[PDB]
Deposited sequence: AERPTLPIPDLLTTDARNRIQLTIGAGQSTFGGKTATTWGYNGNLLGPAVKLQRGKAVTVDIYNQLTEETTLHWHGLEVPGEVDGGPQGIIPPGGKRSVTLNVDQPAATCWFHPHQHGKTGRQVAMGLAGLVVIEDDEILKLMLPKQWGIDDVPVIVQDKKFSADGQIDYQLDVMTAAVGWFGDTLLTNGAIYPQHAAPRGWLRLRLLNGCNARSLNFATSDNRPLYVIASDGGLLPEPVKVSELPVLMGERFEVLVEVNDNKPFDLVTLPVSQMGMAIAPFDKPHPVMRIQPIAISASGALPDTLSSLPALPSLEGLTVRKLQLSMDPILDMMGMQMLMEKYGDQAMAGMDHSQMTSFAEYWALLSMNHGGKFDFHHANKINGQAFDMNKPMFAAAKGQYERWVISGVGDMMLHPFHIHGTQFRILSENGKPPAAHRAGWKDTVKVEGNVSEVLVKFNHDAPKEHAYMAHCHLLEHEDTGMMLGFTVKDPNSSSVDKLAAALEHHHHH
């Protein structure tokens, strides 16, 4: 009858021993009345919100209760490579690995997910993702909405496709290696079109695009504005009012939205210009969740000023690193053909071993050979080109929060000008200003890769190390 309520990830903080336990395991979820095998952190699906504090360290004990290897990448955390959880962070099935997270970065919503070599897309599709809520001394002074699960709410948005038996229907084949794995069912914290009761006043949504390959574009059903207050790596200097908010795979934004009177409204996602992603029902605005106003306590506010953003340093004398993304023309031809044959023209609306056909600087990912050594504690200019390549590539660099200088041909939109760990590359060139505060040796290198997961799984990744020059 009624919509399910929005599931709220548990806020998970350290214990008296300053430890946090994460169990990775297989269970069961229900989607549209049909049960499915799913994977989760501390549960059947998705995961908790690990809560960290700047200036404090926590030890996370990770128990892998799957029957296959996995890793745990702390997406957005400025931590050394040894705990970064790239493909070299193997956790054996039935085994346990512990990492120390010594947090030293501004308040932010980050997240965590597998980075198993060649299998990251499958493991995310099966259910593995969690959140990270970093707080500091600055953000709690602001009196933003702060009641977790009431007026401060995480919103993890993901698509899946299921086979007739109800099971998740994941495949890494020549089509998905080209355009990505995408589905026809939209999930919001694991539920289909849930409702969230929100007190009158301001509602804070921590948005995460957790799709393998689908880009999203958030808006409200009645075109009330969203006020962006934070990006991947934390607060903007001041709120940025937008009518729609595109969000790439793996990106987070925090928005405030007004909840007035008592009329419900929807958070929705608007059709995107991305290949494969405008097939019905995604050819039209698609609801994400229903917001239901209520009359309980809430004192959160939208501040005029949020934080201070340092100036972009001088580009003069900085090391420039060039990263050329590419796809084997045969993969582009064959994958495109299969997409068009199956879905037809709508797959372009609004516009052979494939396992190593996606590449950076002419090379599919080689775990034994980091491509370069970056300087610790020094700004570098990284130039990432998708010239000659049709596809969307949200490009993620581990171990940093960087500043976008140029995004795919233009300066970043204001709400994208702050701290980011992902930058858009699509048929043009992006430039980012990056600094690495922590070491990563050859045996636990940082990754830089496309976050369209099927591209990463088929080669579009490089490792790099960081050491004091």
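Peer 1: Wait, which stretches of the deposited chain are just not there in the structure?
Peer 2: Unobserved in coordinates, per deposited numbering: 352-373, 492-509.
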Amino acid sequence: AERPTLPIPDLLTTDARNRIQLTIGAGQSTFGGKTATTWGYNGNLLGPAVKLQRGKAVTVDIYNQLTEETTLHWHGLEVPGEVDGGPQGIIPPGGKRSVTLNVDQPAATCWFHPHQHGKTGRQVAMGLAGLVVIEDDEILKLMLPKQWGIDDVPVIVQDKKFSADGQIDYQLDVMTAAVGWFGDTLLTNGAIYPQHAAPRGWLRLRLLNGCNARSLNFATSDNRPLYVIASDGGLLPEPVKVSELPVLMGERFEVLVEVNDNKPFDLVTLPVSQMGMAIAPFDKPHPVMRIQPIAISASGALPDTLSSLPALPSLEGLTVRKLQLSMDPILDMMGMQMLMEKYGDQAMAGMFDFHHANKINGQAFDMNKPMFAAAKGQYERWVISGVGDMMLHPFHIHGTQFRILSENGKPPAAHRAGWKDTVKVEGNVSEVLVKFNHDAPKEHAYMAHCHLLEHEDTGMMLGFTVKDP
From here on, numbers count along this sequence of modelled residues.
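Peer 1: Quick one: say whether 276-284 or 191-199 has the higher mean Cα B-factor in the deposited entry.
Peer 2: For C-alpha atoms only, the mean B-factor is higher in 276-284.
Peer 1: Quick check: 26-34 versus 424-432, which has the larger average CA B-factor in the record?
Peer 2: Result of the comparison: 26-34.
Peer 1: Per the entry's Cα B factor values, which of 220, 163, 209, 385 stands out as the maximum?
Peer 2: Reading the PDB entry, the winner on C-alpha B-factor is 163.
Peer 1: Between 154, 264, 127, 399, which carries the biggest CA temperature factor in the record?
Peer 2: The record points to 264.
Peer 1: Lowest, middle or highest third of the chain for the C-alpha temperature factor of residue 461?
Peer 2: CA B-factor rank for residue 461: lowest third.
Peer 1: Taking the chain's C-alpha temperature factors as the reference, tell me which third residue 416 falls into: lowest, middle or highest.
Peer 2: Residue 416: CA B-factor falls in the lowest third of its chain.
Peer 1: Against its chain's modelled residues, does residue 255's Cα B factor rank lowest, middle or highest third?
Peer 2: Bottom third by C-alpha B-factor.
Peer 1: Ranked by Cα temperature factor within the chain, is residue 98 in the lowest third, the middle third or the highest third?
Peer 2: CA B-factor rank for residue 98: middle third.
Peer 1: Going by the recorded CA B-factors, say which third of the chain residue 40 sits in, lowest, middle or highest.
Peer 2: Residue 40: CA B-factor falls in the lowest third of its chain.
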